Amino acid sequence: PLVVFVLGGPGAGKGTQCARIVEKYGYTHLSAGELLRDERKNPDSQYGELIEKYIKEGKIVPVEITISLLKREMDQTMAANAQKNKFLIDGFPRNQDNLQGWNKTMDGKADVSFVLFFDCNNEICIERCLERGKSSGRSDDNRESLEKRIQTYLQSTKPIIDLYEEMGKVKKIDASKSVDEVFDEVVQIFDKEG
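- Going by the header, the method for this PDB entry is X-ray crystallography, and the resolution given is 2.10 Å.

Following this line, the structure appears as structure tokens:
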């Protein structure tokens, strides 16, 4: 079970590239944020009632639940099809405590091949989020909530990038270019490694 973590703030173009990587390379894309939201909404589910307790208390849902959901999706995907063993994971990790939790709980159970980091300047990210907003119903987010979210994402994930750099595992991508230019960069990486 091989994992690639996909990092980058909002507007960085992750969504488009992940879909592209899934088609060409047969990776399975997991969204940590959407797996949690769906577990919460099923009160039927494994962890729905547990998540309900944390919500009631005004408390953050522990990363341990998130890792369990990621691990269950990986285990189920492979029990159906032992060949579908490569995973793109986004929405996790969000900070270095999340990442320590992963490394303590998942060693001997999954290998992180590498980390993809979609990088470009705040302004271009922000414009993307705003134009996606306008052109559909409308966004909750205005310019200054976006800039705040981008700033604190870069601050939170910097130690993750620093750490994976140290072991030669960061593949930086220039996310300011157009969809197909960026994907050419993504293809150079995945054709090499895997």
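**Some thoughts on the overall build of the protein chain**
Move 1: When you go through the protein chain residue by residue, the secondary structure sums to 8 helices and 5 strands.
Move 2: N-terminal to C-terminal, the α/β element order of the protein chain is β-α-β-α-α-α-β-α-β-α-α-β-α.
Move 3: Relative to the compact-globule value of 16 Å for 194 residues, the protein chain shows a C-alpha radius of gyration of 17 Å, a close match.
Move 4: With the principal axes as the frame, the protein chain shows a C-alpha extent of 40 × 40 × 30 Å.
Move 5: Within the span of the protein chain, comprising 194 residues, buried residues form 40% of the whole.
Move 6: Of the contacts made within the protein chain by residues no fewer than 6 positions apart, 75% connect residues no fewer than 24 positions apart.
Move 7: Accessible area for the protein chain stands at about 11,200 Å²; split by element, carbon and sulfur atoms hold 46% of it.

**Examining the packing of helix α1 (residues 14–25) against helix α8 (residues 179–192)**
Helix-helix packing is described using two parameters, namely the angle between the two axes and the distance between the axes.
Move 1: Packing of α1 against α8 brings their axes to within 10 Å, and their N-to-C directions diverge by 45°. On the basis of the axis angle, α1 is oblique to α8. Note on packing geometry: the crossing formed by α1 with α8 is right-handed. Touching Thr16, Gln17, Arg20, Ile21, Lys24 and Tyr25 of α1 are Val179, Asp180, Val182, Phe183, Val186, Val187, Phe190 and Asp191, all from α8.
Move 2: For the contact of α1 with α8, the residue count by class is 8 nonpolar, 2 polar and 4 charged.

Criteria and thresholds
- Residues numbered from 1 in each chain as written, not as in the entry; some residues may be left out.
- Heavy atoms only, no water.
- Helix = DSSP H or I, 4+ residues; strand = E, 2+ residues; numbered from the N terminus.
- Rg over C-alpha atoms; globule rule 2.2 N^0.38 Å.
- Buried < 20%, exposed > 50% of the residue type's maximum accessible area, 1.4 Å probe, protein only.
- Contact = heavy atoms within 4.5 Å.
- Areas by Shrake-Rupley, 256 points an atom, 1.4 Å probe, with all protein chains shown as cover.
- Axes fitted to C-alpha atoms, helices over the stretch in contact; angles between N-to-C directions.
- Parallel < 35°, antiparallel > 145°, perpendicular 65-115°, else oblique.
- Left-handed = near helix turned anticlockwise from the far one by under 90°.
- Nonpolar A, V, L, I, M, F, W, Y, C, P; charged D, E, K, R; others polar.

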